[PDB]
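K.L.:
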Amino acid sequence: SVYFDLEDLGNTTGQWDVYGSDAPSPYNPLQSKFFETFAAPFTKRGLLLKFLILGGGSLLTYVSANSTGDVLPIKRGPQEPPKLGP
Amino acid sequence: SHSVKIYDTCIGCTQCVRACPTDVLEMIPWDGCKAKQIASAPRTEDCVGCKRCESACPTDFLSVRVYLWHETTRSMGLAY
Amino acid sequence: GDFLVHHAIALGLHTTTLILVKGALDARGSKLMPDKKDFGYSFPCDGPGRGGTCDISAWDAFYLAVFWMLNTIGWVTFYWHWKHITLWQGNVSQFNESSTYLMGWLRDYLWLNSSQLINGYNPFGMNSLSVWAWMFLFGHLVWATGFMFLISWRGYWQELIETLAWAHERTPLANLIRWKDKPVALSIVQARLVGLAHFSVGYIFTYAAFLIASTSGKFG
Amino acid sequence: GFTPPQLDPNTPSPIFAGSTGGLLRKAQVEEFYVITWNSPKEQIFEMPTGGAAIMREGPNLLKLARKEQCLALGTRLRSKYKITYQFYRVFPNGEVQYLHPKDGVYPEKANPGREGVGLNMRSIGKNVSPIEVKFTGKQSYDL
Amino acid sequence: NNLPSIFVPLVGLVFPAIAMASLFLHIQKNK
Amino acid sequence: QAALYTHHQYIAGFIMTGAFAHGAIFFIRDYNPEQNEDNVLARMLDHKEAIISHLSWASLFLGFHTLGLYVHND
Amino acid sequence: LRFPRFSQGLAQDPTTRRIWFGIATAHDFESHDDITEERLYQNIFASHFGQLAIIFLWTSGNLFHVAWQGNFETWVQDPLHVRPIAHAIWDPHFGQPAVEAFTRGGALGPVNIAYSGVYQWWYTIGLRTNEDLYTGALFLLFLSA
Amino acid sequence: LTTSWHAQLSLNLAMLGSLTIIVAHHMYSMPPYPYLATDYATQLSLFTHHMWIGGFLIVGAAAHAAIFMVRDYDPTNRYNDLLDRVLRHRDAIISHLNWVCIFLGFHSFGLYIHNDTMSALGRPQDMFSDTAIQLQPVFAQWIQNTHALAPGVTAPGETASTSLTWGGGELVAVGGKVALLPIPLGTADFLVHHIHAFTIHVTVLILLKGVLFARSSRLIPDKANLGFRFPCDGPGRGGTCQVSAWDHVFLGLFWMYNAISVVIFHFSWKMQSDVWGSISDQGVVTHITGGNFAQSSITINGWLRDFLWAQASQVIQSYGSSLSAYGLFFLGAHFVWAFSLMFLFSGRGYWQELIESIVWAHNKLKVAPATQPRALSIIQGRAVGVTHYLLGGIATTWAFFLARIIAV
Amino acid sequence: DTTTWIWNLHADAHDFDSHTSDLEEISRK
Amino acid sequence: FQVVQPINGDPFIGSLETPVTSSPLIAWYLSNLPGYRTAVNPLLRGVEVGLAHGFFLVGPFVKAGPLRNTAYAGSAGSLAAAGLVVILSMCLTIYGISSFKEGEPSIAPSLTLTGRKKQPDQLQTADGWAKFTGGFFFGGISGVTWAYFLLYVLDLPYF
Ligand code: CLA
Ligand code: CLA
Ligand code: CLA
Ligand code: CLA
Ligand code: CLA
Ligand code: CLA
Ligand SMILES: CC1=C(/C=C/C(C)=C/C=C/C(C)=C/C=C/C=C(C)/C=C/C=C(C)/C=C/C2=C(C)CCCC2(C)C)C(C)(C)CCC1
Ligand code: SF4
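Take a look at the structure:
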């Protein structure tokens, strides 16, 4: 009935992991090698942010600029004749 | 943390020391009054600012004063 | 009617001046707190002792006077708008006959002139006044939101946040992400400022929407 | 002099069924508190974290996450069950700090060995105006 | 003109994202 | 014309509240009792109770009688 | 010291109060750490310059948007039967009935009617065409810089 | 339960409140007295009375449970296991109840806001309605069909259905007026039921949190010693305003009032638009508002324009007639409701200083009372505000309903 | 002495548990 | 026999063991999720999460979007899902930059619930989180594209 210790502070403060698993990789070596090879360039955090920002901005602007009137009502414009005010 | 100050109008009735819920204040000998004692605040780093001490001072104006200041984990009463 | 409304305006001015002058003159200290000058301009309170000391700082006298300022300016603008709209419609006798009792203001000014504004969009269609109806409702919502900050106080929300923090910490697949600064509830002074901001924004937006919609629905 | 008593980790803990008001990540990262006492008999007491527990006969040891909880439990024990108590503070590095009673006598009782930290030799109405301490970095009450 | 169709989405979405990301990184930065 | 009158009148109230707030801030922070002894400002601070208790009477009188007349007409 | 850099007390706060109170106490120069009278006055001077910079920019936008998307030239000819136009509307969320309902004035798309009374003021003080508004906008940009 | 009066009072109050709400529901659909269904003024008044009574009694049950927990709880001499287990995992109960409120609020109010925005943007084909996107209450319709078909199959001794609300019955007319007929259920009835659920859940959250944390919490471990009714514990720990159970009941009263008000509005509009009316000699029913609840009650603008604006023209035109008392009470209740806000928004120190100046002016003329004036306490100032708030709101709704339904 | 006594008089008029600690008298009341 | 017990037998930690938490069936399932495999490359775990979430996100955008009743529905929904995936990857990158420093050791627990000592998880390191974010982005884009291809290019008879 002892839950306190001074040489083992991991158990004293409840510093465990409940669902961690230590099993080795279940993925196939060939698939893992292919994924590691083809996903390498995005593993730099400094460059990925700039790439994402620039690509998203360019894609959003390119899509918005050249949209037609079949998708956006505001790009089609008014059709009915105007009405006078009071 | 907060700042707690004690002034010389103390009469040594020991009420503030009993009202503190964090063990901040204590009493020391002092020949300036009938009771021959005065309060002290040596552990103000544990003060939370609940001002239970001031509700117990019986003088015309408080002989113990609490001034709120920079707040830390101890003075915020956080347990997470 | 001009007589009565002018005296209402005078009452508003006098009360706002009273609140502000009392705060300014009692800023340095009073009988309840002789040494108020050592605690600065803005501070929450002085604890629950001596009967209770809520809203004792000089910052709290300014916060109370904004409600009266808004009320007085509302009275002034209501008077101006009703008088001028009745003059423009050519039926100035309606203001002369209905402004003398309080049911005339609610029925012949607010109820009557909000018919075109609320019809911005209906189950049948919409017209160019729909944005003003949306602003009307938006102002109502923000004004009602300010009440939560103005009425409910801090101790309840810290106790709610305690349980929220526990629940986040004891959840699978979500406790892998950790906050960097501990979450706490808003301070006592901050909540008053937030509630006042919500109140004022809702007040202004609602009146602006009503005024513009009612005046431009008839004359353009 | 007064040498603070040493903490013995092998002290058994009171019987409890468990609850959700216990320690959290703050204990693993920052600190936590330990309180000990001695029970002449086995009885039931109210936990400061909710629910009821049973204190064992003899020495007892209990972990708490704040100093307020330790002092509340100690006040209840002293006023109701007439028990002497002490509590400590434990750091993640592994050092225990003795906290209360620091001198060995309770703070409400005067002791000749204490020192007057935080005393002003005047009345509260003799503090200086805030204008005199402008741009100086001090405070009116700190002078 | 297509200038509104180029500028309104820009200021509406791209600029606030950059501003919020930079401002979050600035307040959380610690030394 | 209706928008310009409502615009400039709501601004005036905020400015007036700011004037009084900064007067209170000055009294808290910059006021030195020794330098301004027995001038008009010290005499302002001396009889604050008389100024406040009279604005109370004026406000109460106006409010009582205006509300009474409006309710009587109603 | 991380944030706010002007106050050491708030920088050590481990909670979310740090951000809020860093925002709220940003312009209170007298409460900042290691302040002096000279520094306070110089900061106030620079802040006043910055305030004057924004007024000239805000005015230029109104002139530019009236000249670019308004009907000042049409309104001048018949002031009593034309609606002033503030600027244009481009909202992707709009539906087809809303695009046609807001198309008023002489414009070919949704517009906003101006209730600030700038058409009358500019008409009175002598402006008559759009080139005058463009020149005014350029001059105000120069003043802001 | 034999050594405490507060536990018994709490249990009885909860049961009586639930019974009163059931009584209110069961009397409009199965009218027990002659010439009651076709007299619309009484039918509307009997439903609203008992709902308010039930809500008040439920809040009282919560308050007295909190009082028992603060005062009579004794783990040493009166140990009970189930209460201890409920107290040992109160963090899990509140945090889960907190989540449900957010989910319900979002998925019940964002639908209204989405409908309002889509209507404003000229896109009526994207709203949640019977014509664009349908959210049909299928379970309630299945229940209605089952209850309609129950006679003759599962109830051989029954000659007719228990009530005429279940679709499948025949219209009943007494003296040219409509007494009862089947009530349709559509998309408009899907949203308002979830509004009711959301409000009830929020009120339950507030009251249960107060009751559970009455004894102690992580912020104030010794909250039991401070009492059941105390204002605060000082500005320490960032601020501990309204931590007692009394303040939790004070907060829950506002939400009870908010929840009950939506119920009576729903009842009034649904009955005026779908059931009540008149029948001509040839059998054509003309409802009072002509069935506009289906399409107008899906946006917030519809309740402001078609319900509040349109149905309030009777009370504001009552001057000079025998119904003018309702017009006078309509305006008076607004004054009380707005007067309540002075106590709710303000604090105690300002008024004490104002009273100090007033007392000086009185002392100047030897009219100073020997009983020193004091401003209201912190707890009293809260109690005065909520009383006036509830009085004003309830009186306004009462006058509005009574003036509207008597005239038409 | 002060005016809070008048308010306190009506606030605890029906709180029998505060007046006495005997269950018999509370039950009779 | 009691099904509700204090965690690891310690009744002074603010959590409980219930059939929902510590059941053998649910413990096996949660231990096999990609986010809980502490001995695998963070890049490999990141791809699975991105694939699953990208495949998930396509449907709600396609079916309920403003362009649902026209012939642009599938393309618009896939494009919106890809945009959301990009935003989520940016959020992950910002969080990783803010939380973890360079050269510091992992901050994950290093003790098994039974008391055994295991190597701490590498996901809580700057490099590990960067690899996780890259894998998540790649997996999300691939999953969104695969969902679009299976749905509106082959015209399989769904529903
Ligand atoms: C103020 C700026 C702003 C702007 C310009 C827009 C613009 C838009 N919103 Mg929107 N919105 C805004 C604020 C804004 N919103 C706010 C503040 C809210 C919260 C109230 C919303 C809530 C909202 C909802 C709930 C919805 C929209 C939708 C839309 C789109 C309309 C339909 C459409 O184009 O379908 C065609 C859509 C596409 C062709 C896909 C999106 C366009 C590009 C190709 C996506 C990828 C761009 C890029 C790679 C990712 C972002 C990069 C980043 C740097 C920004 C349109 C792009 C609707 C929609 O369909 O969006 C998904 C929709 O359902 N908005
Ligand atoms: C009109 C004013 C108003 C509003 C909106 C709310 C709203 C709320 N109150 Mg509340 N309250 C009010 C007045 C109000 N209160 C008043 C006057 C009092 C008396 C003092 C209280 C007392 C009170 C208590 C005691 C409690 C609440 C709680 C809550 C929350 C319930 C749970 C939830 O998430 O709901 C759902 C949220 C909503 C319905 C609001 C959102 C509406 C739409 C969907 C917003 C969507 C915007 C979207 C994000 C786009 C924005 C993007 C951005 C870029 C613009 C909710 C936020 C409870 C709480 O903390 O949560 C459990 C609680 O315990 N309230
Ligand atoms: C409709 C709401 C309302 C009303 C009526 C008032 C009224 C008043 N406020 Mg006020 N206030 C309000 C809202 C309101 N406030 C709000 C929302 C705030 C912001 C928090 C404030 C903030 C505020 C401040 C800061 C101050 C006031 C003050 C005052 C008083 C001075 C005005 C005056 O001439 O008195 C006119 C008197 C009346 C209107 C009272 C009439 C009541 C009748 C005569 C009673 C009739 C007999 C009764 C019915 C019999 C009892 C029957 C039984 C069943 C009860 C006045 C009583 C000031 C004050 O007290 O100093 C003098 C002051 O300093 N108020
Ligand atoms: C069978 C029903 C019943 C019974 C026997 C009790 C009994 C009790 N309640 Mg209680 N309560 C009930 C229902 C009941 N309650 C309900 C339904 C609620 C929810 C609203 C409450 C909420 C409640 C609270 C919040 C508190 C109590 C308290 C108490 C105890 C002290 C009560 C007291 O001193 O009142 C004294 C009587 C009054 C103060 C009179 C109130 C006057 C009302 C509010 C104004 C009515 C205005 C009227 C319409 C206009 C008249 C005008 C005229 C004056 C001119 C007592 C044991 C208190 C307690 O135990 O504290 C330890 C306490 O704090 N109750
Ligand atoms: C007979 C007693 C009495 C007398 C002589 C005064 C005299 C005065 N009061 Mg006053 N007052 C009284 C009672 C009294 N008060 C009571 C009981 C209250 C609480 C409701 C107040 C509340 C009050 C306020 C809030 C203010 C004054 C103010 C004033 C001064 C301005 C003149 C005036 O009439 O104000 C108007 C006075 C009133 C509207 C009070 C209402 C009158 C009450 C109902 C009469 C009660 C008489 C009482 C039953 C006597 C019984 C006698 C019996 C034993 C034989 C004046 C010196 C003002 C001032 O200058 O600042 C101090 C001010 O702002 N009084
Ligand atoms: C909560 C209320 C609510 C709901 C349900 C909706 C729903 C919708 N709105 Mg909307 N809206 C709302 C509030 C709401 N709105 C508010 C308050 C506003 C004003 C700010 C708007 C403004 C608005 C605009 C302007 C537009 C919409 C549009 C839309 C539609 C498209 C949205 C979309 O792309 O889906 C996005 C959905 C997802 C990205 C995924 C959601 C999937 C959920 C989360 C399922 C996951 C839960 C799952 C069961 C958990 C599993 C557990 C696990 C263990 C397995 C959709 C029907 C658009 C439209 O044209 O509608 C026709 C549009 O243009 N809305
Ligand atoms: C020629 C003529 C005339 C004349 C008139 C007059 C002469 C008037 C006046 C008027 C006036 C005469 C006004 C006034 C006003 C005032 C005010 C508005 C005030 C304010 C105040 C304040 C704001 C304050 C502040 C402060 C404080 C509080 C404290 C500290 C200091 C200070 C200052 C800061 C007539 C019309 C008959 C006729 C025609 C001709
Ligand atoms: S604000 Fe809260 S803590 Fe401060 S005096 Fe008022 S009730 Fe007490």
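Residue numbers (my numbering), protein chains in the order written: chain A, 8 to 93; chain B, 593 to 672; chain C, 16 to 235; chain D, 282 to 424; chain E, 6 to 36; chain F, 2 to 75; chain G, 2 to 146; chain H, 3 to 410; chain I, 22 to 50; chain J, 1194 to 1352.
Positions of the beta carbon are idealized from the N, C-alpha and C atoms, including for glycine.
(1) Suppose contacts are defined by Cβ-Cβ distances below 8 Å. Is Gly399 of chain D in contact with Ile603 of chain B by that definition?
(2) Is there a Cβ of chain G sitting closer than 8 Å to that of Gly238 of chain H, yes or no?
(3) Below 7 Å, is the gap between the Cβ of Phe58 of chain H and the nearest heavy atom of ligand 4?
(4) Identify, in the order they occur along the chain, each residue of the same chain with its Cβ nearer than 6 Å to the Cβ of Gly71 of chain G, setting aside the five sequence neighbours on each side.
(5) Which residue wins for smallest C-alpha separation from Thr24 of chain I, given the options H:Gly395, H:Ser379, H:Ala385?
(6) May I ask you to list the residues that DSSP assigns as paired with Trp318 of chain D?
(7) At a Cβ cut of 7 Å, what residues of the stretch 285–312 of chain D count as close to chain A, listed as they run along the chain?
(8) If the criterion is Cβ atoms closer than 8 Å, does the pair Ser595 of chain B and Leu617 of chain B meet it?
(9) Since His196 of chain H contacts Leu106 of chain H with CB under 8 Å, what's their CB separation in whole angstroms?
(10) Closest by CA to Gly397 of chain D, which one among B:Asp623, B:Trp661, B:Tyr659?
(11) Report the CB separation of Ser97 of chain H from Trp181 of chain C in whole angstroms; it is logged as a contact under 8 Å.
(12) Report yes or no: is there a C-beta of chain B within less than 8 Å of the C-beta of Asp224 of chain H?
(13) Does any C-beta atom of chain J lie closer than 8 Å to the C-beta of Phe20 of chain E?
(14) Please state if the CB of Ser1299 of chain J and the CB of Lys1311 of chain J are separated by a distance shorter than 8 Å.
(15) Alpha carbon to alpha carbon, how far is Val140 of chain H from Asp191 of chain H?
(16) In this structure, does DSSP put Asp29 of chain A in helix, strand or coil?
(17) Can you pull the DSSP bridge partners for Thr1305 of chain J?
(18) Quick one, which of D:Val315, D:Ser300, D:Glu413, D:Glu338 has its alpha-carbon nearest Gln287 of chain D's?
(19) Would a check of beta-carbon distances place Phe372 of chain D closer than 8 Å to chain G?
(20) Run through the DSSP bridge pairs and tell me what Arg657 of chain B is partnered with.
(21) Kindly indicate if chain C contains any beta-carbon less than 8 Å away from that of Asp75 of chain F.
(22) Using DSSP with H/G/I as helix, E/B as strand and the rest coil, what is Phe41 of chain A?
(23) How is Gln629 of chain B classed by DSSP in three states: helix, strand or coil?
(24) With DSSP as the reference, label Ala24 of chain E as helix, strand or coil.
(25) Mind listing which residues have their beta carbon within less than 6 Å of any non-hydrogen atom of ligand 6? Chain order is fine.
(26) Can you name the residues of chain A whose CB is closer than 9 Å to the CB of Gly375 of chain D?
(27) For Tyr116 of chain G and chain F, any beta-carbon pair shorter than 8 Å?
(28) For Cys69 of chain C, write down the residues that DSSP places opposite it in a beta bridge.
P.N.:
Looking at the coordinates:
(1) At the C-beta level, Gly399 of chain D and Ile603 of chain B stay beyond 8 Å of one another.
(2) No, because no Cβ of chain G sits closer than 8 Å to the Cβ of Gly238 of chain H.
(3) Yes.
(4) Leaving aside the five residues that flank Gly71 of chain G on each side, the residues in its chain whose CB is nearer than 6 Å to its CB run, in chain order, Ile86.
(5) Residue nearest to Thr24 of chain I within the set H:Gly395, H:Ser379, H:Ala385 is H:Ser379 (criterion: CA-CA distance).
(6) Beta-bridge pairing links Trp318 of chain D to D:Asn341, D:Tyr366.
(7) Within the stretch 285–312 of chain D, the qualifying residues are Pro290, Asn291, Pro293, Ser294, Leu304, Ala308, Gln309.
(8) No, they are not a contact pair.
(9) In this structure, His196 of chain H and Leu106 of chain H form a Cβ contact; the two beta carbons are roughly 7 Å apart against a cut-off of 8 Å.
(10) Comparing Cα-Cα distances from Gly397 of chain D to each of B:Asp623, B:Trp661, B:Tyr659, the minimum goes to B:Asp623.
(11) Confirmed, Cβ separation roughly 7 Å.
(12) Against chain B, the CB of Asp224 of chain H has a partner CB under 8 Å away; the residue lies at that interface.
(13) False, the Cβ-Cβ gap to chain J never drops below 8 Å.
(14) No; because the gap between Cβ atoms is not below 8 Å, this pair is not in contact.
(15) Between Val140 of chain H and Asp191 of chain H, the C-alpha separation is close to 11 Å.
(16) Correct three-state label for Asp29 of chain A: coil.
(17) Residue pairing by DSSP places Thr1305 of chain J opposite A:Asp24 in a beta bridge.
(18) With distances taken between Cα atoms, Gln287 of chain D lies closest to D:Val315.
(19) Cβ-Cβ to chain G under 8 Å: no for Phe372 of chain D.
(20) According to DSSP, which records beta bridges pairwise, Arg657 of chain B is partnered with B:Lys597.
(21) Judged by the 8 Å Cβ criterion, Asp75 of chain F is in contact with chain C.
(22) In this structure, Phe41 of chain A counts as helix in the three-state DSSP scheme.
(23) Of the three classes helix, strand and coil, the one that applies to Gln629 of chain B here is strand, per DSSP.
(24) It is helical.
(25) Per the Cβ criterion, the list is G:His94, H:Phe108, H:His109, H:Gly112, H:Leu113, H:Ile115, H:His116, H:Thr119, H:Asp128, J:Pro1253, J:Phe1254, J:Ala1257, J:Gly1258, J:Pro1259.
(26) Within 9 Å Cβ-Cβ: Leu13, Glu14, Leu16.
(27) Yes, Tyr116 of chain G lies at the interface with chain F (some Cβ there is under 8 Å from its Cβ).
(28) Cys69 of chain C pairs with C:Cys60.
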